[PDB]
Amino acid sequence: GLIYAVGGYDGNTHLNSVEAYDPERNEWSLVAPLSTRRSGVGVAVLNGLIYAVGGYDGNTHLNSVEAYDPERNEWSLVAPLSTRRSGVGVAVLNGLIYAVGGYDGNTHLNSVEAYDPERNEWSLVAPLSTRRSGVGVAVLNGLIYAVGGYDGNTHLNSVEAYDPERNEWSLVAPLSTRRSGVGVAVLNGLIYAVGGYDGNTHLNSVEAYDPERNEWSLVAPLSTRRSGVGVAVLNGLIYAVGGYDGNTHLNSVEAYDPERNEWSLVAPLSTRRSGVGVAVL
């Protein structure tokens with residue numbers, strides 16, 4: 001019942017701090033810091049732990065992974081990725097965490113690795129058809145979707161879906177707008193692609209994917225343009241946390257109510273954060 005904002009970049013420093021949002025109090029509070037500063041970090045939740053995967057510490061692209069236990073309020077290192085990855089998308093499906101794409105400092109990645117907590121190890125799985133850093137990843141009805149990103153030359157509107165039973169990625173409907181640094185979350189059978197950057201403009205637009213129709217449709221726009229935004233879903237609302245509007249790194253947070261199809265501002269973060277990972281536990 002808390003949203004965690006993990007790491008990021010405030011415009012001057014890559015962050016190891018972590019803040020947690022309680023919707024009942026509408027406030028953010030600091031919790032235990034990461035061992036390593038991480039922007040462009042992927043974050044996901046599995047079996048009561050939050051995993052902070054990869055990122056960039058200001059000097060090095062990271063292969064390390066840390067796990068947060070809320071009962072102990074501490075982060076511990078777990079198995080490292082095979083490949084350093086910042087701008088990596090992370091999602092959880094059927095007891096595995098998937099690290100999708102990213103950038104290793106030299107190359108934009110099409111590779112994908114899966115973490116099994118029982119074995120505490122990462123294994124490579126099927127690669128994406130297109131290299132993607134700054135990719136948004138979400139899970140819906142047994143498929144993992146890799147949304148947008150940047151392949152080193154082009155900001156992407158394409159979207160691919162992974163079926164673990166087939167261990168393969170297949171293209172699905174493209175976004176209306178190219179988006180890297182896009183936040184993605186799932187609510188009530190739709191995938192939302194929030195903000196991002198199209199190569200020329202930081203975006204306030206938001207699009208929603210219906211798998212039954214295999215199409216994206218525009219929904220209400222954010223009040224503030226946000227790339228490098230973290231997105232998570234809690235109790236029927238989607239939260240867009242931080243990001244960068246082209247001029248300023250943001251501490252603001254907005255919440256989307258699908259019944260009203262509108263975004264409203266909620267409590268701000270204590271620290272401006274773009275390239276922030278967000279998860280709910």
# chains A, B, ... in the order shown; residues from 1 in each chain; ligands from 1
>>> residues_around(residues="residue A:160", least_positions_apart="6", cutoff="9 Å", atoms="only C-alpha atoms", output="JSON, numbers by chain")
{"A": [128, 129, 130, 144, 145, 146, 147, 148, 169, 170, 171, 172, 173, 174]}
>>> closest_atom_pairs(of="stretch 197-218 of chain A", to="stretch 242-264 of chain A", cutoff="12 Å", atoms="only C-alpha atoms", output="JSON lines")
{"residue": "A:197", "atom": "CA", "partner": "A:246", "partner_atom": "CA", "distance": 9.2}
{"residue": "A:198", "atom": "CA", "partner": "A:246", "partner_atom": "CA", "distance": 11.8}
{"residue": "A:199", "atom": "CA", "partner": "A:246", "partner_atom": "CA", "distance": 11.4}
{"residue": "A:200", "atom": "CA", "partner": "A:246", "partner_atom": "CA", "distance": 10.0}
{"residue": "A:201", "atom": "CA", "partner": "A:246", "partner_atom": "CA", "distance": 7.8}
{"residue": "A:202", "atom": "CA", "partner": "A:245", "partner_atom": "CA", "distance": 5.9}
{"residue": "A:203", "atom": "CA", "partner": "A:245", "partner_atom": "CA", "distance": 7.9}
{"residue": "A:204", "atom": "CA", "partner": "A:245", "partner_atom": "CA", "distance": 8.7}
{"residue": "A:205", "atom": "CA", "partner": "A:263", "partner_atom": "CA", "distance": 11.3}
{"residue": "A:206", "atom": "CA", "partner": "A:256", "partner_atom": "CA", "distance": 10.4}
{"residue": "A:207", "atom": "CA", "partner": "A:261", "partner_atom": "CA", "distance": 11.7}
{"residue": "A:208", "atom": "CA", "partner": "A:258", "partner_atom": "CA", "distance": 10.6}
{"residue": "A:218", "atom": "CA", "partner": "A:261", "partner_atom": "CA", "distance": 10.6}
>>> write_last_selection(atoms="N, CA, C and O atoms", output="PDB file, in the first residue's frame")
ATOM      1  N   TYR A 197       9.831  11.111 -24.390  1.00  0.00           N
ATOM      2  CA  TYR A 197      10.519  12.063 -25.248  1.00  0.00           C
ATOM      3  C   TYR A 197      10.516  11.490 -26.652  1.00  0.00           C
ATOM      4  O   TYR A 197      10.849  10.318 -26.840  1.00  0.00           O
ATOM      5  N   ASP A 198      10.160  12.306 -27.645  1.00  0.00           N
ATOM      6  CA  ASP A 198      10.007  11.791 -28.994  1.00  0.00           C
ATOM      7  C   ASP A 198      11.197  12.127 -29.880  1.00  0.00           C
ATOM      8  O   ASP A 198      11.140  11.871 -31.083  1.00  0.00           O
ATOM      9  N   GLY A 199      12.287  12.659 -29.298  1.00  0.00           N
ATOM     10  CA  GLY A 199      13.450  13.104 -30.029  1.00  0.00           C
ATOM     11  C   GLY A 199      13.495  14.596 -30.220  1.00  0.00           C
ATOM     12  O   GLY A 199      14.579  15.160 -30.471  1.00  0.00           O
ATOM     13  N   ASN A 200      12.351  15.250 -30.130  1.00  0.00           N
ATOM     14  CA  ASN A 200      12.311  16.696 -30.266  1.00  0.00           C
ATOM     15  C   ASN A 200      11.643  17.364 -29.073  1.00  0.00           C
ATOM     16  O   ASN A 200      11.994  18.501 -28.726  1.00  0.00           O
ATOM     17  N   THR A 201      10.689  16.679 -28.446  1.00  0.00           N
ATOM     18  CA  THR A 201       9.810  17.270 -27.452  1.00  0.00           C
ATOM     19  C   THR A 201       9.640  16.319 -26.277  1.00  0.00           C
ATOM     20  O   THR A 201       9.499  15.113 -26.469  1.00  0.00           O
ATOM     21  N   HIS A 202       9.659  16.864 -25.064  1.00  0.00           N
ATOM     22  CA  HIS A 202       9.257  16.118 -23.877  1.00  0.00           C
ATOM     23  C   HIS A 202       7.738  16.122 -23.815  1.00  0.00           C
ATOM     24  O   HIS A 202       7.107  17.154 -24.058  1.00  0.00           O
ATOM     25  N   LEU A 203       7.151  14.962 -23.540  1.00  0.00           N
ATOM     26  CA  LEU A 203       5.738  14.734 -23.795  1.00  0.00           C
ATOM     27  C   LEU A 203       4.911  14.828 -22.524  1.00  0.00           C
ATOM     28  O   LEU A 203       5.297  14.323 -21.465  1.00  0.00           O
ATOM     29  N   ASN A 204       3.759  15.472 -22.641  1.00  0.00           N
ATOM     30  CA  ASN A 204       2.709  15.352 -21.640  1.00  0.00           C
ATOM     31  C   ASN A 204       1.606  14.385 -22.060  1.00  0.00           C
ATOM     32  O   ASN A 204       0.710  14.113 -21.263  1.00  0.00           O
ATOM     33  N   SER A 205       1.675  13.817 -23.262  1.00  0.00           N
ATOM     34  CA  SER A 205       0.587  12.961 -23.716  1.00  0.00           C
ATOM     35  C   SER A 205       0.699  11.564 -23.108  1.00  0.00           C
ATOM     36  O   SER A 205       1.768  11.113 -22.685  1.00  0.00           O
ATOM     37  N   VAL A 206      -0.441  10.888 -23.083  1.00  0.00           N
ATOM     38  CA  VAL A 206      -0.621   9.576 -22.480  1.00  0.00           C
ATOM     39  C   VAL A 206      -1.498   8.761 -23.420  1.00  0.00           C
ATOM     40  O   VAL A 206      -2.515   9.254 -23.913  1.00  0.00           O
ATOM     41  N   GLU A 207      -1.110   7.523 -23.680  1.00  0.00           N
ATOM     42  CA  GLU A 207      -1.850   6.638 -24.564  1.00  0.00           C
ATOM     43  C   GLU A 207      -2.132   5.341 -23.823  1.00  0.00           C
ATOM     44  O   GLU A 207      -1.325   4.899 -23.010  1.00  0.00           O
ATOM     45  N   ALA A 208      -3.257   4.710 -24.145  1.00  0.00           N
ATOM     46  CA  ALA A 208      -3.669   3.475 -23.496  1.00  0.00           C
ATOM     47  C   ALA A 208      -3.887   2.374 -24.522  1.00  0.00           C
ATOM     48  O   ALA A 208      -4.530   2.591 -25.544  1.00  0.00           O
ATOM     49  N   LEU A 218      -5.351   7.801 -27.317  1.00  0.00           N
ATOM     50  CA  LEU A 218      -4.951   8.864 -26.410  1.00  0.00           C
ATOM     51  C   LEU A 218      -5.961   9.018 -25.282  1.00  0.00           C
ATOM     52  O   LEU A 218      -7.170   8.889 -25.485  1.00  0.00           O
TER      53      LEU A 218
END
>>> closest_atom_pairs(of="stretch 114-156 of chain A", to="stretch 95-109 of chain A", cutoff="6 Å", atoms="only C-alpha atoms", output="CSV")
residue,atom,partner,partner_atom,distance
A:114,CA,A:98,CA,4.4
A:115,CA,A:97,CA,5.0
A:116,CA,A:96,CA,5.2
A:131,CA,A:109,CA,4.8
A:132,CA,A:101,CA,5.3
A:133,CA,A:102,CA,3.9
A:151,CA,A:108,CA,5.9
>>> select_by_dssp(residues="stretch 54-237 of chain A", states="strand (DSSP E or B)", output="PyMOL selection string")
chain A and resi 56+61+65-69+74-77+86+89-93+96-100+103+108+112-116+121-124+133+136-140+143-147+150+155+159-163+168-171+180+183-187+190-194+197+202+206-210+215-218+227+230-234+237
>>> closest_atom_pairs(of="stretch 66-100 of chain A", to="stretch 54-60 of chain A", cutoff="8 Å", atoms="only C-alpha atoms", output="JSON lines")
{"residue": "A:81", "atom": "CA", "partner": "A:54", "partner_atom": "CA", "distance": 7.7}
{"residue": "A:84", "atom": "CA", "partner": "A:54", "partner_atom": "CA", "distance": 6.6}
{"residue": "A:85", "atom": "CA", "partner": "A:54", "partner_atom": "CA", "distance": 5.3}
{"residue": "A:86", "atom": "CA", "partner": "A:55", "partner_atom": "CA", "distance": 3.9}
{"residue": "A:87", "atom": "CA", "partner": "A:55", "partner_atom": "CA", "distance": 6.5}
{"residue": "A:88", "atom": "CA", "partner": "A:54", "partner_atom": "CA", "distance": 7.3}
>>> residues_around(residues="stretch 185-195 of chain A", least_positions_apart="2", cutoff="9 Å", atoms="only C-alpha atoms", output="PDB file with N, CA and C atoms, in the first residue's frame")
ATOM      1  N   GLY A 136       9.795   1.322 -21.568  1.00  0.00           N
ATOM      2  CA  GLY A 136       8.835   1.033 -20.509  1.00  0.00           C
ATOM      3  C   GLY A 136       8.360  -0.403 -20.648  1.00  0.00           C
ATOM      4  N   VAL A 137       8.174  -1.065 -19.518  1.00  0.00           N
ATOM      5  CA  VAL A 137       7.809  -2.474 -19.516  1.00  0.00           C
ATOM      6  C   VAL A 137       6.666  -2.681 -18.546  1.00  0.00           C
ATOM      7  N   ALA A 138       5.648  -3.420 -18.985  1.00  0.00           N
ATOM      8  CA  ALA A 138       4.572  -3.804 -18.082  1.00  0.00           C
ATOM      9  C   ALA A 138       4.040  -5.175 -18.466  1.00  0.00           C
ATOM     10  N   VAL A 139       3.293  -5.766 -17.549  1.00  0.00           N
ATOM     11  CA  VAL A 139       2.794  -7.124 -17.672  1.00  0.00           C
ATOM     12  C   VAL A 139       1.280  -7.096 -17.638  1.00  0.00           C
ATOM     13  N   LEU A 140       0.662  -7.793 -18.582  1.00  0.00           N
ATOM     14  CA  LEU A 140      -0.788  -7.886 -18.618  1.00  0.00           C
ATOM     15  C   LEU A 140      -1.151  -9.238 -19.210  1.00  0.00           C
ATOM     16  N   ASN A 141      -1.938  -9.998 -18.454  1.00  0.00           N
ATOM     17  CA  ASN A 141      -2.528 -11.253 -18.895  1.00  0.00           C
ATOM     18  C   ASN A 141      -1.517 -12.206 -19.492  1.00  0.00           C
ATOM     19  N   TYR A 145       5.069  -6.539 -22.056  1.00  0.00           N
ATOM     20  CA  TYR A 145       5.125  -5.584 -23.149  1.00  0.00           C
ATOM     21  C   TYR A 145       6.330  -4.676 -22.958  1.00  0.00           C
ATOM     22  N   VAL A 147       7.663  -1.255 -24.454  1.00  0.00           N
ATOM     23  CA  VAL A 147       7.000  -0.109 -25.065  1.00  0.00           C
ATOM     24  C   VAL A 147       8.032   0.976 -25.356  1.00  0.00           C
ATOM     25  N   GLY A 148       8.185   1.317 -26.628  1.00  0.00           N
ATOM     26  CA  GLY A 148       9.011   2.450 -26.983  1.00  0.00           C
ATOM     27  C   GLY A 148      10.474   2.233 -26.650  1.00  0.00           C
ATOM     28  N   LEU A 175       2.665   2.652 -30.810  1.00  0.00           N
ATOM     29  CA  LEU A 175       2.194   3.907 -30.250  1.00  0.00           C
ATOM     30  C   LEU A 175       1.945   4.927 -31.354  1.00  0.00           C
ATOM     31  N   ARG A 179       8.319   7.420 -28.161  1.00  0.00           N
ATOM     32  CA  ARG A 179       8.480   7.739 -26.740  1.00  0.00           C
ATOM     33  C   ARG A 179       9.668   6.948 -26.200  1.00  0.00           C
ATOM     34  N   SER A 180      10.756   7.620 -25.823  1.00  0.00           N
ATOM     35  CA  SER A 180      11.739   7.010 -24.936  1.00  0.00           C
ATOM     36  C   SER A 180      11.666   7.696 -23.575  1.00  0.00           C
ATOM     37  N   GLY A 181      12.197   7.041 -22.543  1.00  0.00           N
ATOM     38  CA  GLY A 181      12.048   7.591 -21.202  1.00  0.00           C
ATOM     39  C   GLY A 181      10.603   7.620 -20.775  1.00  0.00           C
ATOM     40  N   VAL A 182       9.824   6.652 -21.245  1.00  0.00           N
ATOM     41  CA  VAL A 182       8.381   6.559 -21.052  1.00  0.00           C
ATOM     42  C   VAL A 182       8.107   5.690 -19.831  1.00  0.00           C
ATOM     43  N   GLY A 183       7.106   6.069 -19.053  1.00  0.00           N
ATOM     44  CA  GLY A 183       6.647   5.249 -17.942  1.00  0.00           C
ATOM     45  C   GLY A 183       5.441   4.443 -18.388  1.00  0.00           C
ATOM     46  N   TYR A 197       9.831  11.111 -24.390  1.00  0.00           N
ATOM     47  CA  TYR A 197      10.519  12.063 -25.248  1.00  0.00           C
ATOM     48  C   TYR A 197      10.516  11.490 -26.652  1.00  0.00           C
ATOM     49  N   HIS A 202       9.659  16.864 -25.064  1.00  0.00           N
ATOM     50  CA  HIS A 202       9.257  16.118 -23.877  1.00  0.00           C
ATOM     51  C   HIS A 202       7.738  16.122 -23.815  1.00  0.00           C
ATOM     52  N   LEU A 203       7.151  14.962 -23.540  1.00  0.00           N
ATOM     53  CA  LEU A 203       5.738  14.734 -23.795  1.00  0.00           C
ATOM     54  C   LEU A 203       4.911  14.828 -22.524  1.00  0.00           C
ATOM     55  N   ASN A 204       3.759  15.472 -22.641  1.00  0.00           N
ATOM     56  CA  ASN A 204       2.709  15.352 -21.640  1.00  0.00           C
ATOM     57  C   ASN A 204       1.606  14.385 -22.060  1.00  0.00           C
ATOM     58  N   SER A 205       1.675  13.817 -23.262  1.00  0.00           N
ATOM     59  CA  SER A 205       0.587  12.961 -23.716  1.00  0.00           C
ATOM     60  C   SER A 205       0.699  11.564 -23.108  1.00  0.00           C
ATOM     61  N   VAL A 206      -0.441  10.888 -23.083  1.00  0.00           N
ATOM     62  CA  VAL A 206      -0.621   9.576 -22.480  1.00  0.00           C
ATOM     63  C   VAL A 206      -1.498   8.761 -23.420  1.00  0.00           C
ATOM     64  N   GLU A 207      -1.110   7.523 -23.680  1.00  0.00           N
ATOM     65  CA  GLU A 207      -1.850   6.638 -24.564  1.00  0.00           C
ATOM     66  C   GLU A 207      -2.132   5.341 -23.823  1.00  0.00           C
ATOM     67  N   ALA A 208      -3.257   4.710 -24.145  1.00  0.00           N
ATOM     68  CA  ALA A 208      -3.669   3.475 -23.496  1.00  0.00           C
ATOM     69  C   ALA A 208      -3.887   2.374 -24.522  1.00  0.00           C
ATOM     70  N   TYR A 209      -3.379   1.184 -24.218  1.00  0.00           N
ATOM     71  CA  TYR A 209      -3.432   0.025 -25.093  1.00  0.00           C
ATOM     72  C   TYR A 209      -4.483  -0.953 -24.589  1.00  0.00           C
ATOM     73  N   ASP A 210      -5.370  -1.355 -25.487  1.00  0.00           N
ATOM     74  CA  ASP A 210      -6.365  -2.381 -25.209  1.00  0.00           C
ATOM     75  C   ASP A 210      -5.940  -3.639 -25.946  1.00  0.00           C
ATOM     76  N   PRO A 211      -5.543  -4.714 -25.253  1.00  0.00           N
ATOM     77  CA  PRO A 211      -5.083  -5.911 -25.974  1.00  0.00           C
ATOM     78  C   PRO A 211      -6.149  -6.573 -26.810  1.00  0.00           C
ATOM     79  N   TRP A 216      -3.710   1.475 -29.589  1.00  0.00           N
ATOM     80  CA  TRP A 216      -3.470   2.525 -28.615  1.00  0.00           C
ATOM     81  C   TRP A 216      -4.386   3.710 -28.898  1.00  0.00           C
ATOM     82  N   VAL A 219      -5.448   9.300 -24.083  1.00  0.00           N
ATOM     83  CA  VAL A 219      -6.284   9.593 -22.933  1.00  0.00           C
ATOM     84  C   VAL A 219      -5.860  10.965 -22.414  1.00  0.00           C
ATOM     85  N   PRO A 221      -4.027  14.115 -20.972  1.00  0.00           N
ATOM     86  CA  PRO A 221      -2.607  14.443 -20.829  1.00  0.00           C
ATOM     87  C   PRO A 221      -2.233  14.843 -19.407  1.00  0.00           C
ATOM     88  N   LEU A 222      -0.965  14.621 -19.081  1.00  0.00           N
ATOM     89  CA  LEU A 222      -0.409  15.144 -17.845  1.00  0.00           C
ATOM     90  C   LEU A 222      -0.449  16.673 -17.840  1.00  0.00           C
ATOM     91  N   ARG A 225       4.865  18.088 -18.788  1.00  0.00           N
ATOM     92  CA  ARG A 225       5.660  17.197 -19.626  1.00  0.00           C
ATOM     93  C   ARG A 225       6.679  16.484 -18.754  1.00  0.00           C
ATOM     94  N   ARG A 226       6.870  15.186 -18.999  1.00  0.00           N
ATOM     95  CA  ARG A 226       7.728  14.366 -18.140  1.00  0.00           C
ATOM     96  C   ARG A 226       8.363  13.275 -18.987  1.00  0.00           C
ATOM     97  N   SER A 227       9.682  13.306 -19.167  1.00  0.00           N
ATOM     98  CA  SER A 227      10.403  12.112 -19.585  1.00  0.00           C
ATOM     99  C   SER A 227      11.256  11.613 -18.423  1.00  0.00           C
ATOM    100  N   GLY A 228      11.674  10.353 -18.491  1.00  0.00           N
ATOM    101  CA  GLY A 228      12.381   9.776 -17.355  1.00  0.00           C
ATOM    102  C   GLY A 228      11.496   9.688 -16.138  1.00  0.00           C
ATOM    103  N   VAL A 229      10.203   9.467 -16.356  1.00  0.00           N
ATOM    104  CA  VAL A 229       9.159   9.467 -15.334  1.00  0.00           C
ATOM    105  C   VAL A 229       8.952   8.041 -14.848  1.00  0.00           C
ATOM    106  N   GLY A 230       8.720   7.883 -13.556  1.00  0.00           N
ATOM    107  CA  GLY A 230       8.353   6.591 -12.999  1.00  0.00           C
ATOM    108  C   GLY A 230       6.844   6.535 -12.846  1.00  0.00           C
ATOM    109  N   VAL A 231       6.273   5.371 -13.116  1.00  0.00           N
ATOM    110  CA  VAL A 231       4.826   5.204 -13.100  1.00  0.00           C
ATOM    111  C   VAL A 231       4.488   3.952 -12.314  1.00  0.00           C
ATOM    112  N   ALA A 232       3.504   4.055 -11.421  1.00  0.00           N
ATOM    113  CA  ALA A 232       3.014   2.870 -10.730  1.00  0.00           C
ATOM    114  C   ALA A 232       1.529   3.026 -10.453  1.00  0.00           C
ATOM    115  N   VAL A 233       0.900   1.917 -10.117  1.00  0.00           N
ATOM    116  CA  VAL A 233      -0.536   1.844  -9.945  1.00  0.00           C
ATOM    117  C   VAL A 233      -0.833   1.396  -8.528  1.00  0.00           C
ATOM    118  N   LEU A 234      -1.743   2.103  -7.869  1.00  0.00           N
ATOM    119  CA  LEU A 234      -2.147   1.732  -6.523  1.00  0.00           C
ATOM    120  C   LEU A 234      -3.597   2.144  -6.342  1.00  0.00           C
ATOM    121  N   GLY A 236      -6.432   1.780  -7.856  1.00  0.00           N
ATOM    122  CA  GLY A 236      -7.229   2.308  -8.919  1.00  0.00           C
ATOM    123  C   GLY A 236      -6.761   3.613  -9.494  1.00  0.00           C
ATOM    124  N   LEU A 237      -5.599   4.114  -9.080  1.00  0.00           N
ATOM    125  CA  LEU A 237      -5.005   5.326  -9.624  1.00  0.00           C
ATOM    126  C   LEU A 237      -3.624   5.021 -10.183  1.00  0.00           C
ATOM    127  N   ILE A 238      -3.263   5.716 -11.257  1.00  0.00           N
ATOM    128  CA  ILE A 238      -1.912   5.665 -11.803  1.00  0.00           C
ATOM    129  C   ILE A 238      -1.152   6.898 -11.354  1.00  0.00           C
ATOM    130  N   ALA A 240       2.219   9.252 -11.765  1.00  0.00           N
ATOM    131  CA  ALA A 240       3.350   9.686 -12.568  1.00  0.00           C
ATOM    132  C   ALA A 240       4.257  10.482 -11.637  1.00  0.00           C
ATOM    133  N   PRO A 258      -8.987   6.756 -13.917  1.00  0.00           N
ATOM    134  CA  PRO A 258      -9.579   6.399 -15.216  1.00  0.00           C
ATOM    135  C   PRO A 258     -11.055   6.695 -15.319  1.00  0.00           C
TER     136      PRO A 258
END
>>> residues_around(residues="residue A:142", least_positions_apart="4", cutoff="9 Å", atoms="only C-alpha atoms", output="MDAnalysis selection string")
chainID A and resid 93:94 162:164
>>> residues_around(residues="stretch 21-30 of chain A", least_positions_apart="2", cutoff="10 Å", atoms="only C-alpha atoms", output="PyMOL selection string")
chain A and resi 1-5+17-19+32-33+234-235+266-271+280
>>> write_last_selection(atoms="C-alpha atoms", output="PDB file, in the first residue's frame")
ATOM      1  CA  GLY A   1       0.000   0.000   0.000  1.00  0.00           C
ATOM      2  CA  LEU A   2       2.993   2.325  -0.431  1.00  0.00           C
ATOM      3  CA  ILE A   3       4.614   3.686  -3.587  1.00  0.00           C
ATOM      4  CA  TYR A   4       8.416   3.717  -3.557  1.00  0.00           C
ATOM      5  CA  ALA A   5      10.448   6.225  -5.591  1.00  0.00           C
ATOM      6  CA  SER A  17      17.851   7.952  -1.659  1.00  0.00           C
ATOM      7  CA  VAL A  18      14.437   6.288  -1.630  1.00  0.00           C
ATOM      8  CA  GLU A  19      11.102   7.807  -0.599  1.00  0.00           C
ATOM      9  CA  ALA A  32      16.480   3.256   3.684  1.00  0.00           C
ATOM     10  CA  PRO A  33      18.925   4.363   0.958  1.00  0.00           C
ATOM     11  CA  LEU A 234      -2.147   1.732  -6.523  1.00  0.00           C
ATOM     12  CA  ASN A 235      -5.809   1.370  -5.596  1.00  0.00           C
ATOM     13  CA  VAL A 266      -0.687  14.978  -5.299  1.00  0.00           C
ATOM     14  CA  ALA A 267       2.089  15.446  -2.733  1.00  0.00           C
ATOM     15  CA  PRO A 268       5.533  16.245  -4.194  1.00  0.00           C
ATOM     16  CA  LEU A 269       8.697  14.263  -3.597  1.00  0.00           C
ATOM     17  CA  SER A 270      11.247  15.694  -1.179  1.00  0.00           C
ATOM     18  CA  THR A 271      13.906  15.449  -3.916  1.00  0.00           C
ATOM     19  CA  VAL A 280       4.219  -0.453  -5.226  1.00  0.00           C
TER      20      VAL A 280
END
>>> closest_residue(among="A:89, A:134, A:277, A:152", to="residue A:50", atoms="only C-alpha atoms")
A:277
